[PDB]
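Inspection log for the structure reproduced underneath, given as structure tokens.
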Amino acid sequence: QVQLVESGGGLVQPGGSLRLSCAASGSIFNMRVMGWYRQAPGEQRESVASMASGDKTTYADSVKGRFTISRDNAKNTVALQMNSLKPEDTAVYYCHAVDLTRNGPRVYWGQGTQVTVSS
Amino acid sequence: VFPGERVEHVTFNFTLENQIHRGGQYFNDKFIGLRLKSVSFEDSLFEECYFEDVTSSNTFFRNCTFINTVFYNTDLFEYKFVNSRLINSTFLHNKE
Ligand SMILES: *[C@@H]1O[C@H](CO)[C@@H](O[C@@H]2O[C@H](CO)[C@@H](O[C@@H]3O[C@H](CO)[C@@H](O)[C@H](O)[C@@H]3O)[C@H](O)[C@H]2NC(C)=O)[C@H](O)[C@H]1NC(C)=O
Ligand SMILES: *[C@@H]1O[C@H](CO)[C@@H](O[C@@H]2O[C@H](CO)[C@@H](O)[C@H](O)[C@H]2NC(C)=O)[C@H](O)[C@H]1NC(C)=O
Ligand SMILES: *[C@@H]1O[C@H](CO)[C@@H](O[C@@H]2O[C@H](CO)[C@@H](O)[C@H](O)[C@H]2NC(C)=O)[C@H](O)[C@H]1NC(C)=O
Numbered sequence: 001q002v003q004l005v006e007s008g009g010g011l012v013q014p015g016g017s018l019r020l021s022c023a024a025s026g027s028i029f030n031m032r033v034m035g036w037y038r039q040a041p042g043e044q045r046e047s048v049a050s051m052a053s054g055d056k057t058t059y060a061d062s063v064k065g066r067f068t069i070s071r072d073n074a075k076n077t078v079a080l081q082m083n084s085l086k087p088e089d090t091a092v093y094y095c096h097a098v099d100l101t102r103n104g105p106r107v108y109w110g111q112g113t114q115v116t117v118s119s
Numbered sequence: 486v487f488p489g490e491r492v493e494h495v496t497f498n499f500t501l502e503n504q505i506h507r508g509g510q511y512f513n514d515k516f517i518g519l520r521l522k523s524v525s526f527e528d529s530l531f532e533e534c535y536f537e538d539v540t541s542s543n544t545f546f547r548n549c550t551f552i553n554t555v556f557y558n559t560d561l562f563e564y565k566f567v568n569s570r571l572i573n574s575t576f577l578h579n580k581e
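Top line first, the protein sequences correspond to chains B and A.
Each residue of the first sequence is one higher than the one before, starting from 1 at the first, in the entry's author numbering.
Each residue of the second sequence is one higher than the one before, starting from 486 at the first, in the entry's author numbering.
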């Protein structure tokens, strides 16, 4: 078990930004550091983005010019830079970690944080 | 196709154009950045396997017993995945 840390919820205006920072500690072995997902009222988690491994990234097309990911492995953290926050696009944001250890793949999820939009 | 064997962290980082790879055990697989076209896996097994990025096209999985497999970024969906036994399989992210 790797302990994950969630943060950064609350109201932000469109044109403003939030830094939602994933962090983890314990049993970390060159892990794929936590990417981001959006949980809606309906049972489902939309992918947002990930910079979890190497210096490369995959962002969802649905978050083009909206959600940017930057990673600092030396810290075991991932920062989601939320921008272009159109008022209807609210969600609970989640950190999704993947364990790449000797016992094979394992995954971890946080409880998520709620982001809403100020106007 | 030739009968597959059991490979520890095969990490076959080269692209394949062969049709089938019938026979598979693949314990602790570490496939990364492989672009399959016209490739199939039949009667294969995967335990603690990991896929990083596969731009699979026209490739499907038949009689594949995944167990504790994480795919991260892949092109695999039910469309490209034939009926087979899957347990504790996760699809973190997907591509268009
Ligand atoms: C994926 O793997 C995990 C762990 O290998 C599975 O979790 C286990 O699921 C079984 C149900 O199939 C549950 O077993 C429970 O374990 C307790 C432990 O004290 C025991 O009293 C009972 O046998 C009870 O049924 C439980 O959810 C969990 N058990 C453990 C020990 O982790 C999981 O089921 C696998 N995924 C799928 C889809 O089966
Ligand atoms: C793909 O696999 C090849 C072969 O294993 C890797 O090439 C090796 O790189 C190492 C480390 O520098 C060398 O010691 C070897 O001589 C190389 N072998 C061959 C056959 O070229 C290559 O780095 C891998 N590439 C990726 C992207 O993982
Ligand atoms: C799907 O594959 C499994 C094995 O990968 C087949 O079951 C095997 O059948 C042979 C028959 O000689 C047995 O010796 C093995 O012990 C079986 N293994 C398992 C895990 O059951 C099964 O028949 C295949 N089914 C189809 C429809 O292709």
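Even for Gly, the Cβ is constructed at its ideal location relative to N, Cα and C.
Relative to the alpha-carbon of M31 of chain B, which residue among B:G112, B:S17, B:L4, B:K86 has its alpha-carbon at the smallest distance?
-> Residue B:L4 holds the alpha-carbon nearest to the alpha-carbon of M31 of chain B among B:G112, B:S17, B:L4, B:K86.
Go through the segment 67-97 of chain B residue by residue and report every complete run of the beta strand (DSSP E) that reaches 3 residues or more, in order.
-> DSSP runs (the beta strand (DSSP E)) wholly in the segment 67-97 of chain B: 67-72, 77-82.
Decide if the segment 570-580 of chain A is in contact with the segment 38-53 of chain B; the criterion is three or more beta carbon pairs, one per stretch, under 8 Å apart.
-> Taking 8 Å as the limit for Cβ pairs, the verdict is that the segment 38-53 of chain B does touch the segment 570-580 of chain A.
Any heavy atom of ligand 3 within less than 5 Å of residue CB: hits in chain order = That gives A:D528, A:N548.
Would a C-beta distance cut-off of 9 Å place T113 of chain B and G9 of chain B closer than the cut-off?
-> Taking 9 Å as the Cβ cut-off, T113 of chain B and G9 of chain B qualify as a contacting pair.
Which residues, taken in chain order from the segment 84-112 of chain B, show a beta carbon closer than 9 Å to some beta carbon of chain A?
-> Listed by position along the chain: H96, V98, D99, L100, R102, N103, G104, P105, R106, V107.
Could you name the residues whose beta carbon sits closer than 6 Å to any heavy atom belonging to ligand 1, keeping them in chain order?
-> Cβ-based neighbours of ligand 1 within the cut-off: A:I572, A:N573.
Cross-strand partners of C534 of chain A (DSSP beta bridge) = In the DSSP output, where bridge partners are listed per residue, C534 of chain A has none listed.
Could you name the residues of chain A that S118 of chain B contacts, counting a contact when the two beta carbons are closer than 8 Å?
-> Result: empty, since nearest Cβ-Cβ is about 29 Å, beyond 8 Å.
How about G54 of chain B: is its Cβ closer than 8 Å to a heavy atom in ligand 2?
-> It does not: the Cβ of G54 of chain B is nowhere closer than 8 Å to a heavy atom of ligand 2.
Contacts around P87 of chain B, its chain only, beta-carbon distance under 8 Å, and the 5 residues preceding and following it disregarded | Beyond the five residues adjoining it in sequence on each side, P87 of chain B comes within less than 8 Å, by CB distance, of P14, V117, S119 in the same chain, given in chain order.
Considering only the beta carbon of each residue, do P105 of chain B and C534 of chain A sit closer than 9 Å?
-> Yes, the pair counts as a contact, with Cβ atoms nearer than the cut-off.
Quickly, what does DSSP pair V5 of chain B with across the bridge? List them, please.
-> Its beta-bridge partners are B:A23.
Rounded C-alpha distance that separates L80 of chain B from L100 of chain B = Answer to the nearest angstrom: the Cα atoms are 22 Å apart.
is_contact[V555 of chain A, chain B] using C-beta, thresh 9 Å = So, interface residue.
Specify whether the segment 518-527 of chain A and the segment 537-556 of chain A touch according to this definition: at least 3 beta carbon pairs, one from each stretch, less than 8 Å apart.
-> Touching, yes.
Between the C-alpha atoms of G35 of chain B and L561 of chain A, what's the straight-line distance to the nearest angstrom?
-> Straight-line Cα distance between these residues: approximately 19 Å.
At 7 Å on the CB atoms, spell out the chain B contacts of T575 of chain A, in chain order.
-> What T575 of chain A touches in chain B: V107.
Assign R38 of chain B to buried or exposed, taking buried as 16 or more other Cβ atoms, counted over all protein chains shown, within 10 Å of its Cβ.
-> Buried, because 16 or more other Cβ atoms sit within 10 Å of the Cβ of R38 of chain B.
Between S7 of chain B and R507 of chain A, what straight-line distance do the alpha-carbon atoms span, to the nearest angstrom?
-> Their Cα atoms are separated by approximately 47 Å.
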